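Novice: one piece of my complex first, more on the way:
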Amino acid sequence: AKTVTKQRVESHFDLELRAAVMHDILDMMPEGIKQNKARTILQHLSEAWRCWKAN
Amino acid sequence: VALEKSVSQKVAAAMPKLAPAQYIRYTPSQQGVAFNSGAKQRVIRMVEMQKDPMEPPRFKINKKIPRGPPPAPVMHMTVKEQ
């Protein structure tokens, strides 16, 4: 067991955001049936987040 | 009641004495009349061995072995959609 902590918080929040989106949407979006763009949809996520950081 | 029993065992760790002499009567499965002196049964007095209170944990538990493996039946696309 490991306890959330200051060193780990930013990593933690993004970890469980990637998981939040992954579970939600791949249990939400589907019918690709094979693998639906999980790597890709998440890359769209990080891309969008960078874009909003760059305005 | 059942849960409480279980809990007490777990809690035994947190709180670091047994005195029962208990007898048992045994029937073997070999028999044959020359196997014992010549008794269909034997009797054994079971005694719990006394543990040395300053004895450290004897042996090492850390070792790790991969999780073990039937699925219930499930019972539950257009080109354009694809």
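Specialist: Done, it's in. Residues are numbered from 1 along each chain as shown, chains lettered A, B, ... in the order given.

Novice: name the element residue B:23 belongs to?
Specialist: For residue B:23, the host element (DSSP states H and E) is strand B:21-26.

Novice: strand partners of that strand, parallel vs antiparallel please.
Specialist: Within its sheet, and counting by DSSP bridges, strand B:21-26 is paired with strand B:42-47 (antiparallel).

Novice: next one: the partner strand to chain centre, how far?
Specialist: Strand B:42-47 sits 20 Å away from the centroid of its parent chain (Cα atoms, centre = their mean, to the nearest Å).

Novice: try stretch A:3-17
Specialist: 13 Å.

Novice: Please tell me how far residue B:47 sits from residue A:49.
Specialist: Distance of residue B:47 to residue A:49, given as Cβ to Cβ, to the nearest Å: 69 Å. Quick note: C-beta positions are derived from backbone N, CA and C, even for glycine.

Novice: Can you list the buried residues in stretch A:5-17?
Specialist: With burial defined by 16 or more other Cβ atoms under 10 Å in any protein chain shown, not one residue of stretch A:5-17 is counted as buried.

Novice: ok, residues contacting it?
Specialist: Contacts to stretch A:5-17, defined as Cβ atoms under 8 Å, 6 or more residues apart in numbering or on different chains, come from residues A:2, A:4.

Novice: mind redoing it with 6 Å?
Specialist: Here stretch A:5-17 makes contact (Cβ atoms under 6 Å, 6 or more residues apart in numbering or on different chains) with residue A:4.

Novice: Centroid-nearest residue for chain A?
Specialist: Nearest to the mean C-alpha position of chain A, counting by Cα atoms, centre = their mean, stands residue A:18 at 1.9 Å.

Novice: also put chain C on there:
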Amino acid sequence: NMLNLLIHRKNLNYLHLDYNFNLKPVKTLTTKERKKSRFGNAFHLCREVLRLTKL
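Specialist: So that you can see how it sits with the rest, here is chain C on the chains above:
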């Protein structure tokens, strides 16, 4: 005797415990030896309490 047995138990042959409970090292230590030889507060606390009683 306890503390020497602990020391030996771990094969720390380059430490030396004297009779007034000062834990010293025999030789200048190698990096690896230094890692392995550290005791935590539990051992040192015990050692110092014993020192007090020996006084």
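
Novice: let's see the contacts of stretch A:5-17 again after adding chain C.
Specialist: Applying Cβ under 6 Å, 6+ apart, the set of residues contacting stretch A:5-17 is residue A:4.

Novice: So the residue nearest to the centre of chain A, which state does it fall into?
Specialist: Put simply, residue A:18 is helix when judged by DSSP: H, G, I helix; E, B strand; the rest coil.

Novice: on that earlier part again, if we look at the strand holding residue B:23, which residues are touching it?
Specialist: Contact with strand B:21-26 is made by B:41, B:42, B:43, B:44, B:45, B:46, B:47, as judged by Cβ under 6 Å, 6+ apart.

Novice: now the last one: how far from residue B:21?
Specialist: Going from residue B:47 to residue B:21 by Cβ to Cβ gives 6 Å.

Novice: quick one, strands of chain C?
Specialist: Remark: strands assigned in chain C by DSSP state E are C:15-17, C:23-25.

Novice: export those to JSON lines and tack on mean neighbour count?
Specialist: Formatted as JSON lines, the strands of chain C follow (neighbours: other Cβ atoms under 10 Å in any protein chain shown):
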{"stretch": "strand C:15-17", "mean neighbour count": "16"}
{"stretch": "strand C:23-25", "mean neighbour count": "13"}
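
Novice: contacting residues around the residue positioned nearest the centre of chain C?
Specialist: Centroid check for chain C by Cα atoms, centre = their mean gives residue C:23 as the closest residue, at 4.3 Å. Residue C:23 is in contact with residue C:17, counting by Cβ under 6 Å, 6+ apart.

Novice: what bridges to it?
Specialist: Taking DSSP bridges as the rule, residue C:23 bridges to residue C:17.

Novice: okay, now chain D:
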Amino acid sequence: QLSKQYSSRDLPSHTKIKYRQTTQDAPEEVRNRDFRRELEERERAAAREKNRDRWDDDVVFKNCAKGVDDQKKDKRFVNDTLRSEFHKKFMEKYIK
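Specialist: One more chain to add, chain D, which I have set with the ones above:
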């Protein structure tokens, strides 16, 4: 195969369970209550309370500050992090 290891956190604490009391709001009271009436009357009371509560001969410019009554920008809550009024205030304060 249960380890003799321990930890500080694990030790006893709050071994007693605080059961709710009668004035705290034991389930007995709750079962008997007609909540709907209570909720209505409280609501009414709240409403009532609310009701009770409520020269220079020379210049470029004639008055700019005519009808400028603040506006409800701090009454609007906005679900948008960069256009919330809180964010504006923060941005105003900390950058030069």
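
Novice: quick recheck of the contacts of stretch A:5-17 now chain D is there?
Specialist: Contacts for stretch A:5-17 (Cβ under 6 Å, 6+ apart): residue A:4.

Novice: 8 Å - rerun?
Specialist: Contacts of stretch A:5-17 (Cβ under 8 Å, 6+ apart): A:2, A:4.

Novice: okay, now whichever residue of chain C sits closest to chain B: neighbour count?
Specialist: Relative to chain B, the nearest point of chain C is residue C:9 (9.9 Å; Cβ to the nearest Cβ). A total of 9 residues lie near residue C:9 under the criterion other Cβ atoms under 10 Å in any protein chain shown.

Novice: quick one on the thing from earlier: might you calculate how far the strand holding residue B:23 sits from the centre of the chain?
Specialist: Relative to the centre of its chain, strand B:21-26 is centred 19 Å away, using Cα atoms, centre = their mean.

Novice: now do stretch D:47-66
Specialist: With Cα atoms, centre = their mean, you get 29 Å for stretch D:47-66.

Novice: Now do it: distance from first to last residue.
Specialist: Using Cα to Cα, to the nearest Å, the end-to-end distance of stretch D:47-66 comes to 34 Å.

Novice: Also stretch B:20-36?
Specialist: Stretch B:20-36 has an end-to-end distance of 27 Å (criterion: Cα to Cα).

Novice: now swap in stretch C:11-28 and tell me
Specialist: Taking Cα to Cα, stretch C:11-28 runs 17 Å from one end to the other.

Novice: Leaving out sequence neighbours, find the closest residue to the residue in chain B positioned nearest to chain D.
Specialist: Nearest residue of chain B to chain D: residue B:57, at 4.7 Å (Cβ to the nearest Cβ). Distances taken as Cβ to Cβ, 6 or more residues apart in numbering or on different chains place residue D:4 nearest to residue B:57, at 4.7 Å, with adjacent residues excluded.
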